[PDB]
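This document starts with one chain, in the form deposited in one PDB entry, laid out as structure tokens.
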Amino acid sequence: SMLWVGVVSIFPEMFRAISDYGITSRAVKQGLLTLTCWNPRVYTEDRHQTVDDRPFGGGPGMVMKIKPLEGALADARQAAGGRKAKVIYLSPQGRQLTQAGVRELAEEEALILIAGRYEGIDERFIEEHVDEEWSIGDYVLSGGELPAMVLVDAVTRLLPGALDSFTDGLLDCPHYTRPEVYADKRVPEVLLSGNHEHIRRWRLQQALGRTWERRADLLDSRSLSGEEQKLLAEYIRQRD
């Protein structure tokens, strides 16, 4: 009940992937999350009018009509009640989702997600109704249902009582479990015979070095402390 999510999508049953499995499923059961779907085809003027129509100016593919989406939105808005509802359109043209963005969206009382299909939705719907556009990344998907699900999953993790990378702006350290030896590779001895301060310094150093190796861009936008500059310089020199 702490977070109310409404999804506008022509494939509402596709959302069983999050309503029936994982953290999102557990959060629904616990009442932390409320999830509802709104099929635009149930909001056409008459049952003989489809959700899509030919694009103006031509070109390959079809475009989603404004009235079905408008109908679906209005109905979802009514169901949200007395909650501050943010209307998100999932689009590659939107703001890139990051852990910082996830933390913000987690503060919202209610969210209404517009999952588009075909070649996109009519600009006039975006202008009039869409509050914020959001992208899950710089790649093209066939529809906005997996992006909407990616957002719901990321946000649900932050809900209190529902349960790290980018929490500190760094990649995570490697993880190890039983047995102590597997395929001739042994667990770093510090993880087996170390104190919490040894384990903390090895984890921060591994996180810094992995970020430096793979995602240097994450460092150019992060301030390295005295300790970190030294843990990092050491990682670089001891790499292999």
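All residue numbers are counted from 1 along the displayed sequence. C-alpha atoms forming the largest set that superposes within 1.5 Å between two forms make up the rigid core.
Not on display, but discussed next: the form deposited in another entry.
Per-residue Cα shift between this form and the one not shown after core alignment stays below 2 Å for all of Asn39, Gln49, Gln30, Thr34 except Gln49. Superposition on the rigid core between this form and the one not shown places the CA atom of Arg210 less than 2 Å from its counterpart. Relative to this form, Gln49 and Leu146 approach one another in that other deposited form, with their C-alpha atoms ending up at least 3 Å closer.
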